[PDB]
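First up is the structure itself, then whatever we jot down about it.
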Amino acid sequence: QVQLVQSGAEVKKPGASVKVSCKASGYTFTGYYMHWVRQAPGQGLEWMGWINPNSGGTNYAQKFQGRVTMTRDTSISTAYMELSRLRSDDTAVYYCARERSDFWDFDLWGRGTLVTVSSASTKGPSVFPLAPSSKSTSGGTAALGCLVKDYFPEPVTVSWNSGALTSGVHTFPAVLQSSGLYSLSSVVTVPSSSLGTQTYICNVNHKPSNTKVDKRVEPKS
Amino acid sequence: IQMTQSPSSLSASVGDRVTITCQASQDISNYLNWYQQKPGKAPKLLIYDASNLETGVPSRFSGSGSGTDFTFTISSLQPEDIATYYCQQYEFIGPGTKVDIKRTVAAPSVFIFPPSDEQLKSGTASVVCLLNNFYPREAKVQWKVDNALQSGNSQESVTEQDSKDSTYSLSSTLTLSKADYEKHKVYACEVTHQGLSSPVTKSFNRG
């Protein structure tokens with residue numbers, strides 16, 4: 001139907017540049033202003049600027065003056081946002097959005113592109129067990145899990161028993177540690193009886209580092 | 001120029017009427033739009049030009065206002081409405097209002113996990129406290145080592161409100177070096193929550 005299609009996630013050092021693309025599909029690309037709006041994790045939306053794909057004219061929030069360049073290729077109906085001299089605090093999901101009318105009603109949105117900016121370098125996580133024991137059992141329920149630690153950048157995926165186990169699974173949002181490395185926990189609650197009869201294994205996948213780890217989680221002895 | 005939204009967050013029950021207010025610091029326009037952003041998703045246009053319902057959006061959503069004072073209403077809150085809502089006037093975007101579903105108070109189940117031998121051998125110890133399936137979101141986790149309150153030492157993370165049972169879960173990690181870890185004996189996390197009569201302490205003795 002009618003769509004905005006954005007390029008994939010980016011990972012950048014400070015001082016690098018990033019160029020994010022936004023392809024318009026199903027409507028006249030030159031007929032509408034395209035805007036860029038960004039969102040830092042856990043924060044609100046921040047408008048960056050617009051481009052007129054017909055004329056090439058651009059207008060930027062003052063904050064990004066000198067660092068942002070918006071461009072278009074009418075031949076492939078694609079808008080681009082390039083942000084240079086990147087700062088760690090440019091870490092955000094970057095959305096393109098279509099201005100439907102002079103209301104600036106943004107009716108059509110791209111799915112967003114994550115841009116991570118850090119002095120950190122790519123690193124696979126260390127996966128440690130969160131062993132079930134008497135201190136993680138009550139009322140016939142046992143909790144267990146995996147600690148996925150010191151990885152960069154986002155994201156990682158975690159499954160349990162190759163995806164056979166889905167109920168009671170909580171995979172928490174990662175935290176950015178004081179090291180600039182991410183750490184997250186994935187836990188599952190199970191009938192405590194099954195600790196004696198079932199093997200539990202977390203399957204951790206960190207594609208940016210091509211790391212795949214399976215960790216058996218044994219009850220503490 | 002600043003856009004203000006009130007309240008910053010709210011809880012309401014299914015079937016409740018929810019009203020969110022947006023105020024411009026100074027006059028901008030009568031043109032104001034409202035967006036809904038669900039966790040993990042792009043913002044979605046719900047109301048345009050103050051009061052017009054976007055085509056295909058359920059009729060329980062509405063908006064009103066002019067000048068500098070605007071409101072957004074969900075007539076009858078539904079489970080699928082959990083999201084953050086934003087007002088906007090041109091370049092100016094409000095800080096957002098998070099809406100979650102109000103349910104019966106649920107006390108968390110509190111669990112604690114010692115560091116693994118694998119991690120210790122690598123020189124670090126992480127102790128994890130898990131609070132499971134609680135409501136409301138507000139909760140307090142503080143770590144005690146030999147009964148000394150910790151600070152600058154831990155981070156926590158909270159899930160999105162669960163779709164089937166409307167609860168939250170919270171994971172907190174205390175981290176320190178193995179050398180530091182082995183200095184002390186008792187590791188405890190002390191949990192405070194509306195559903196708990198008094199704080200709950202979950203703890204273990206190293207070795």
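Chain lettering (A, B, ...) mirrors the order of the structure tokens, residue numbering begins at 1 for each chain separately, and ligand numbering begins at 1 in order of display.
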- [ ] When you get a sec, could you note down which chain B residues fall within 8 Å of chain A, using only C-alpha atoms, as a count of residues only?
- [x] 40
Task: Nearby residues (only C-alpha atoms) at most 9 Å from residue 153 of chain B, same-chain spacing under 3 positions excluded, as a ChimeraX atom specification - done: /B:143,150,173-176
N, CA, C and O atoms of the current selection, written as a compact mmCIF listing (two decimals), in the first residue's frame:
```txt
# COMPACT_ATOMS: atom_id res chain seq x y z
N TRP B 143 19.80 -2.18 47.85
CA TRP B 143 20.73 -3.23 48.18
C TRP B 143 21.43 -2.99 49.50
O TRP B 143 21.80 -1.88 49.81
N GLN B 150 23.73 0.49 49.74
CA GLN B 150 24.60 0.66 48.60
C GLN B 150 24.13 1.81 47.72
O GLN B 150 22.97 2.16 47.74
N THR B 173 20.38 -5.24 39.27
CA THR B 173 21.70 -5.88 39.33
C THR B 173 22.70 -5.04 40.12
O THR B 173 22.99 -3.90 39.77
N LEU B 174 23.26 -5.68 41.14
CA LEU B 174 24.31 -5.10 41.95
C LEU B 174 25.57 -5.73 41.40
O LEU B 174 25.65 -6.93 41.29
N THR B 175 26.54 -4.91 41.04
CA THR B 175 27.79 -5.42 40.52
C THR B 175 28.99 -4.81 41.23
O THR B 175 29.00 -3.66 41.59
N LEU B 176 29.99 -5.64 41.44
CA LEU B 176 31.22 -5.22 42.06
C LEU B 176 32.29 -6.25 41.74
O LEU B 176 31.98 -7.31 41.26
```
Open item on the list: Excluding segment 20-30 of chain A and its own-chain neighbours fewer than 5 positions away, which residues fall within 6 Å of it when counting only C-alpha atoms? Please give them as JSON, numbers by chain.
Closed with: {"A": [1, 2, 3, 4, 5, 6, 7, 53, 54, 77, 78, 79, 80, 81]}
What does the file look like for those residues with N, CA and C atoms, as a tab-separated table (two decimals), in the first residue's frame?
```tsv
chain	number	residue	atom	x	y	z
A	1	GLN	N	0.82	-1.20	0.00
A	1	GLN	CA	0.00	0.00	0.00
A	1	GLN	C	0.86	1.27	0.00
A	2	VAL	N	0.79	2.06	1.05
A	2	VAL	CA	1.51	3.31	1.12
A	2	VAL	C	2.44	3.21	2.30
A	3	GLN	N	3.73	3.44	2.06
A	3	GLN	CA	4.75	3.10	3.02
A	3	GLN	C	5.99	3.99	3.02
A	4	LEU	N	6.62	4.14	4.17
A	4	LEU	CA	7.96	4.69	4.25
A	4	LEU	C	8.91	3.59	4.74
A	5	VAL	N	9.95	3.29	3.97
A	5	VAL	CA	10.84	2.19	4.29
A	5	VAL	C	12.25	2.70	4.63
A	6	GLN	N	12.72	2.43	5.83
A	6	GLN	CA	13.96	3.02	6.31
A	6	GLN	C	15.11	2.01	6.25
A	7	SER	N	16.34	2.51	6.20
A	7	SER	CA	17.51	1.64	6.15
A	7	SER	C	17.75	1.02	7.52
A	53	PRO	N	10.97	17.55	-1.23
A	53	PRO	CA	11.57	16.67	-2.23
A	53	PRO	C	11.43	17.24	-3.63
A	54	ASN	N	10.39	18.04	-3.85
A	54	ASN	CA	10.19	18.73	-5.12
A	54	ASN	C	11.33	19.72	-5.41
A	77	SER	N	12.70	8.00	-5.30
A	77	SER	CA	11.75	8.41	-4.25
A	77	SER	C	12.31	8.20	-2.85
A	78	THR	N	13.56	8.57	-2.63
A	78	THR	CA	14.20	8.29	-1.35
A	78	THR	C	14.73	9.58	-0.73
A	79	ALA	N	14.41	9.78	0.55
A	79	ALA	CA	14.95	10.91	1.30
A	79	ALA	C	16.08	10.43	2.21
A	80	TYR	N	17.06	11.28	2.45
A	80	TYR	CA	18.16	10.93	3.32
A	80	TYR	C	18.42	11.98	4.41
A	81	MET	N	18.82	11.52	5.59
A	81	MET	CA	19.19	12.38	6.70
A	81	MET	C	20.60	11.95	7.07
```
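Across the structure, atom CA of residue 32 of chain A and atom CA of residue 73 of chain B are spaced 29.3 Å apart.
Comparing A:115, A:146, A:219, A:180 by their smallest distance to residue 16 of chain A, the closest is A:115 (using only C-alpha atoms).
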TODO: Give me every helix (DSSP H, G or I) residue in segment 3-207 of chain B, going by DSSP on the backbone, as a PyMOL selection string.
DONE: chain B and resi 79-81+117-120+178-181
Just to be explicit: take each residue in the selection above, keep C-alpha atoms, and write the result as a JSON list (two decimals), in the first residue's frame.
```json
[["chain", "number", "residue", "atom", "x", "y", "z"],
["B", 79, "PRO", "CA", -6.45, -2.71, 26.92],
["B", 80, "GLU", "CA", -4.86, -1.98, 23.56],
["B", 81, "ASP", "CA", -4.61, 1.72, 24.46],
["B", 117, "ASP", "CA", 31.20, -19.31, 39.45],
["B", 118, "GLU", "CA", 31.72, -18.53, 35.77],
["B", 119, "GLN", "CA", 31.50, -14.80, 36.44],
["B", 120, "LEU", "CA", 33.60, -14.80, 39.60],
["B", 178, "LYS", "CA", 35.26, -10.30, 43.04],
["B", 179, "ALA", "CA", 37.80, -8.80, 45.36],
["B", 180, "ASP", "CA", 35.19, -6.44, 46.72],
["B", 181, "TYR", "CA", 32.57, -9.17, 46.76]]
```
Task: Residues of segment 114-205 of chain A in strand (DSSP E or B), written as a ChimeraX atom specification - done: /A:114-117,123,126-130,137-138,141-152,157-160,165,169-171,175-176,182-191,201-205
Which residues are near residue 168 of chain B? Cut-off 12 Å, only C-alpha atoms, ignore same chain within fewer than 3 positions. Put them as a short mmCIF file (atom, residue, chain, number, x, y, z; two decimals) with N, CA, C and O atoms, in the first residue's frame.
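As a result, around29.cif now contains:
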```
data_model
loop_
_atom_site.label_atom_id
_atom_site.label_comp_id
_atom_site.auth_asym_id
_atom_site.auth_seq_id
_atom_site.Cartn_x
_atom_site.Cartn_y
_atom_site.Cartn_z
N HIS A 170 10.38 -13.40 30.91
CA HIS A 170 10.54 -11.95 30.92
C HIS A 170 11.96 -11.60 30.50
O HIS A 170 12.90 -11.88 31.23
N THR A 171 12.11 -11.00 29.32
CA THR A 171 13.41 -10.50 28.91
C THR A 171 13.39 -8.99 29.09
O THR A 171 12.60 -8.29 28.47
N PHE A 172 14.23 -8.51 30.00
CA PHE A 172 14.20 -7.12 30.43
C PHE A 172 14.91 -6.20 29.44
O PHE A 172 15.85 -6.64 28.77
N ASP B 100 -1.07 3.59 31.56
CA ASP B 100 -1.13 2.14 31.75
C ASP B 100 -2.49 1.74 32.32
O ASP B 100 -3.29 2.60 32.70
N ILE B 101 -2.76 0.44 32.34
CA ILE B 101 -4.05 -0.05 32.80
C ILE B 101 -4.04 -0.33 34.29
O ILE B 101 -3.16 -1.01 34.81
N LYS B 102 -5.02 0.24 34.98
CA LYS B 102 -5.14 0.06 36.42
C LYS B 102 -5.76 -1.29 36.69
O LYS B 102 -6.72 -1.69 36.03
N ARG B 103 -5.19 -2.01 37.65
CA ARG B 103 -5.72 -3.30 38.08
C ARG B 103 -5.59 -3.42 39.57
O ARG B 103 -5.06 -2.52 40.24
N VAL B 105 -4.07 -4.18 42.98
CA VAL B 105 -2.73 -4.24 43.54
C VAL B 105 -2.21 -5.68 43.64
O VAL B 105 -2.89 -6.57 44.18
N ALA B 106 -1.01 -5.89 43.12
CA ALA B 106 -0.36 -7.17 43.19
C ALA B 106 1.05 -7.02 43.75
O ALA B 106 1.87 -6.29 43.22
N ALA B 107 1.30 -7.72 44.84
CA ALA B 107 2.60 -7.70 45.46
C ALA B 107 3.57 -8.49 44.62
O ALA B 107 3.22 -9.53 44.10
N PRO B 108 4.84 -7.96 44.51
CA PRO B 108 5.76 -8.78 43.72
C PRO B 108 6.25 -10.01 44.45
O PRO B 108 6.23 -10.03 45.65
N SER B 109 6.67 -11.02 43.71
CA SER B 109 7.30 -12.19 44.26
C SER B 109 8.76 -11.72 44.13
O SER B 109 9.19 -11.29 43.07
N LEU B 130 15.09 -10.04 41.64
CA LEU B 130 13.97 -10.09 40.72
C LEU B 130 12.62 -9.86 41.43
O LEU B 130 12.28 -10.56 42.35
N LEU B 131 11.88 -8.87 40.96
CA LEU B 131 10.54 -8.61 41.45
C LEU B 131 9.60 -9.00 40.34
O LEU B 131 9.65 -8.45 39.27
N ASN B 132 8.72 -9.94 40.60
CA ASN B 132 7.90 -10.49 39.54
C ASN B 132 6.42 -10.23 39.66
O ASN B 132 5.84 -10.43 40.70
N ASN B 133 5.83 -9.81 38.55
CA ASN B 133 4.39 -9.70 38.41
C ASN B 133 3.66 -8.86 39.45
O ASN B 133 2.85 -9.36 40.18
N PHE B 134 4.03 -7.59 39.51
CA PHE B 134 3.47 -6.66 40.49
C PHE B 134 2.70 -5.51 39.85
O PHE B 134 2.87 -5.22 38.69
N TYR B 135 1.79 -4.92 40.60
CA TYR B 135 1.13 -3.68 40.23
C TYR B 135 0.80 -2.87 41.48
O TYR B 135 0.33 -3.46 42.43
N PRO B 136 1.03 -1.56 41.52
CA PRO B 136 1.40 -0.72 40.38
C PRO B 136 2.90 -0.73 40.06
O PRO B 136 3.68 -1.42 40.71
N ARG B 137 3.29 0.07 39.09
CA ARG B 137 4.67 0.14 38.65
C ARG B 137 5.63 0.62 39.73
O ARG B 137 6.76 0.17 39.78
N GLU B 138 5.20 1.55 40.55
CA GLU B 138 6.08 2.10 41.55
C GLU B 138 6.56 1.01 42.51
O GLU B 138 5.78 0.28 43.10
N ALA B 139 7.88 0.94 42.66
CA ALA B 139 8.53 -0.02 43.52
C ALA B 139 9.89 0.51 43.92
O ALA B 139 10.48 1.27 43.18
N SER B 157 15.91 -2.36 35.65
CA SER B 157 15.19 -2.33 34.40
C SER B 157 13.77 -2.88 34.67
O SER B 157 13.61 -3.81 35.46
N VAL B 158 12.76 -2.29 34.04
CA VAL B 158 11.38 -2.69 34.26
C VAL B 158 10.74 -3.06 32.92
O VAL B 158 10.98 -2.41 31.91
N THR B 159 9.95 -4.13 32.89
CA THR B 159 9.32 -4.54 31.65
C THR B 159 8.17 -3.61 31.32
O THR B 159 7.75 -2.81 32.17
N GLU B 160 7.67 -3.72 30.10
CA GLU B 160 6.42 -3.06 29.74
C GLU B 160 5.28 -3.79 30.44
O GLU B 160 5.39 -4.98 30.74
N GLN B 161 4.18 -3.08 30.69
CA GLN B 161 3.02 -3.70 31.31
C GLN B 161 2.55 -4.90 30.50
O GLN B 161 2.35 -4.81 29.30
N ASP B 162 2.40 -6.04 31.17
CA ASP B 162 2.07 -7.27 30.47
C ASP B 162 0.67 -7.20 29.87
O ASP B 162 -0.23 -6.61 30.46
N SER B 163 0.49 -7.80 28.70
CA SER B 163 -0.79 -7.74 28.00
C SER B 163 -1.85 -8.67 28.60
O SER B 163 -3.02 -8.32 28.65
N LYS B 164 -1.44 -9.86 29.05
CA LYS B 164 -2.41 -10.81 29.59
C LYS B 164 -2.85 -10.44 31.02
O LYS B 164 -4.04 -10.53 31.32
N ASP B 165 -1.94 -10.00 31.88
CA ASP B 165 -2.32 -9.78 33.28
C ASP B 165 -2.03 -8.39 33.86
O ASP B 165 -2.19 -8.17 35.06
N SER B 171 13.96 -6.11 37.27
CA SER B 171 15.23 -6.76 37.53
C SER B 171 16.25 -5.71 37.98
O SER B 171 16.40 -4.67 37.34
#
```
Task: Residue among B:24, B:57, B:191, B:10 lying closest to residue 88 of chain B, counting only C-alpha atoms - done: B:24
TODO: Just give me the gap between atom CA of residue 100 of chain A and atom CA of residue 26 of chain B in Å, one decimal is fine.
DONE: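 Separation of atom CA of residue 100 of chain A and atom CA of residue 26 of chain B: 24.8 Å.
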